[PDB]
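Taken one at a time, structure 1 and structure 2 that follow are two forms of one protein chain, written as structure tokens.
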Structure 1
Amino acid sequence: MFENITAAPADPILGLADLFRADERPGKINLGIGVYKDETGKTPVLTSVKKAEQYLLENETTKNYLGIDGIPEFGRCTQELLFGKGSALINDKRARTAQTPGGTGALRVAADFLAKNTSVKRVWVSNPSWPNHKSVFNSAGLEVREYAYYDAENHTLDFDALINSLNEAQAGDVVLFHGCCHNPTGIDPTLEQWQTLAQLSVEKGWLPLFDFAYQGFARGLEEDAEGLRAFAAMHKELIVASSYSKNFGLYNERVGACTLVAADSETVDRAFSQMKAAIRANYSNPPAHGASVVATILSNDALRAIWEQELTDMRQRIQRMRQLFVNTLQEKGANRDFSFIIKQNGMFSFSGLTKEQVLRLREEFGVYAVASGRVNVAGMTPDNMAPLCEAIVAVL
């Protein structure tokens, strides 16, 4: 049965990682990483999370299965983060949330749900995006089409190209939007651009699918949800796939959510019953520990305050590295302005380096980025910034 199976394509991520580990040079630097690191180069467990885990160790008396949609408090806390306390969507019971194994798990549940219960055949994704978006949607039998996004000359949102691309989208297509901190570019729509897109989406009959993996890493929890909430105010229907992997530092515990929104409570409940069937046929019901930590923290005033400040510390450290990177580069020698780095949001930015410059940075200087030129600014520290920048300047 298995003798003729073709090996999966290479996987550049695992990948880049292995080469970096094998590298014997001082002082090699990994900017290809996909997680947050603090100023010491570690990805610690958040203190709020440790405190919550201690509470669960002390208080859990069973591991009995959760419901298919997971912990109810997790679902309520999730909708308040997405839509805001007092949102009409919440008041009108127009939204149902399933706890999922990570943001990826939410995307796949959304995809399976749409493939089996609607006429959706196609999902529009930005070029560039997270590379697993195409894999997830194709796995459910959905075609992925790309829309233009990045102005490589100005390192900005090519808004005109975006709108032009998306005019090829038919009514009933899904259009995926990164809620904030676009991966890989760090370039997000302004609020006014979000509002324009919301209006266009209504007119053209798109189903919006928000991928919200970095809430809190651009400007703040509420600010980062402005775009989503502009869409929510304009649409009867939408889906949100959110993730707590980065903003709770809970990557490996697989903590995310798929939130379904419809015109009213009867419609969303009926539709959500099929979303639950899609979950049942995949992993049956979701892993408690990470989501329980999230619910425990979000619903406790003391823990939530500690967590919100840890998330603010992460957001602020990323911003300090963006500033320190620009200063260190090019007040000391470099190319057509790197100030675009200060305006971008989240852990990631395209550096503007070519695939060959990136290879030369790996081979000659032991500095690792992804072939697209994406760098994770949280892999930067005050201590490694000077050598990093000296290497970059050398390949310009």
Structure 2
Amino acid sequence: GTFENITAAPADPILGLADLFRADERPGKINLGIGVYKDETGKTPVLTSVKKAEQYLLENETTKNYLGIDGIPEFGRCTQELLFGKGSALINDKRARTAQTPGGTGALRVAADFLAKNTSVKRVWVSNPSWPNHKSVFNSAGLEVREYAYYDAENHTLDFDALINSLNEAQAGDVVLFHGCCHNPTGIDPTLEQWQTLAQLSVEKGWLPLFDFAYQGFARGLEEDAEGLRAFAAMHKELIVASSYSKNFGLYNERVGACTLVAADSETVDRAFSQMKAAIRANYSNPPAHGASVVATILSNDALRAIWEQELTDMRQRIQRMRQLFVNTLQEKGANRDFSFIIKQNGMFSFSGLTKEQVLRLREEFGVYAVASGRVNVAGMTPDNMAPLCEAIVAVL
């Protein structure tokens, strides 16, 4: 019996939490786990720009014929402009190649498979803490995962001294993974000056930087959120960018991502990109069209794009209002601590500082669901559920 001795797998710390929430019978449940945006009414809607783009596709698609291994060309072009800028030298020098992938996760696995099978890379450095699935993706491709310091739990800030010291151990040729913006789970991003320090330190020690870009547009703005990346881009000969449209387009279940490869010249990137296309062929062959077609349609049409940029702005601003409302309401419900640091965190998540035992008690006794690390989804908070949520947090302090 080939399957008789298999060991059951542990639950996913994010998705395993969601199945529990769906099963909970109590009517006043609150879900602050998975990073999914909710509007004021508590729903995760389809954007108007997306619905209009889908209508265009429905009435104009003539075939479902396979896309190329790397996907829709216009999709790749628009992705590189978003990442690097309209008139970037990487683009004009033809130094960058982009493959449409199934989500940001798929972009990470493609890069990992590509590295482990075509290079001498054997080590990937990931911030501590980070998105839980990072370790799983790179380990599954056969790469070793090392951790570098990032979060100061006492000051609720970025420990730039610990980060630099920890990364001194990263040898040349290693891969160092950076969150482009809206660090998951801490919400604390480097300042532009800190980015430039890392970019200079990156070229000196010979690192291959890998950028995970899942939240472009949720910190300050589309262009503003890519400053750190464009600092590395202006200084490195090689780098990898895995990006996702799941969240800034609300296209989660359509799996829309990109893996962008940068090399010193056009000849080397095409040679390396051919091996990336080979790793894709042996995985899922070619990428799903519907989600990437929507994104390409929106970014290619100035009218649709104007709607989307405005829908994304409302998302960013609503999350900022909830951060404020969250802090004020905690003080009002009797919280003794100071939660002001939540105002300075970017993106959808906040490191609340709650212990594992408190997170566990919030779930069992109050029906409030957060990840065991104390990460809470601010974008899951509404004017309606704010008061019960804060009453439960104060009760477990």
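All residue numbers here refer to structure 1's sequence, counted from 1. In this text, rigid core is short for the largest set of C-alphas that superpose within 1.5 Å between two forms.
> Aligned on the rigid core, do the two forms place the Cα of residue 60 2 Å or more apart, comparing between structures 1 and 2?
Comparing forms between structures 1 and 2, the residue 60 CA shifts below 2 Å.
> Rigid core fitted, then: does residue 335 show a CA shift of 2 angstroms or greater between structures 1 and 2?
Yes, shifts by 2 Å or more.
> Taking the rigid core as the reference frame, tell me whether residue 37 has a CA displacement of 2 angstroms or more between structures 1 and 2.
Residue 37: C-alpha displaced by less than 2 Å between structures 1 and 2.
> What is the C-alpha shift for residue 361 between structures 1 and 2, rigid core superposed, to one decimal in Å?
So the C-alpha of residue 361 has moved 1.6 Å between structures 1 and 2.
> By how many angstrom does residue 15 shift at its CA between structures 1 and 2 when the core is held fixed?
Its C-alpha shift, to one decimal, is 2.6 Å.
> For residue 26, what C-alpha shift in Å is seen between structures 1 and 2 once the core is overlaid?
Comparing the two forms, residue 26 shifts 4.7 Å at C-alpha.
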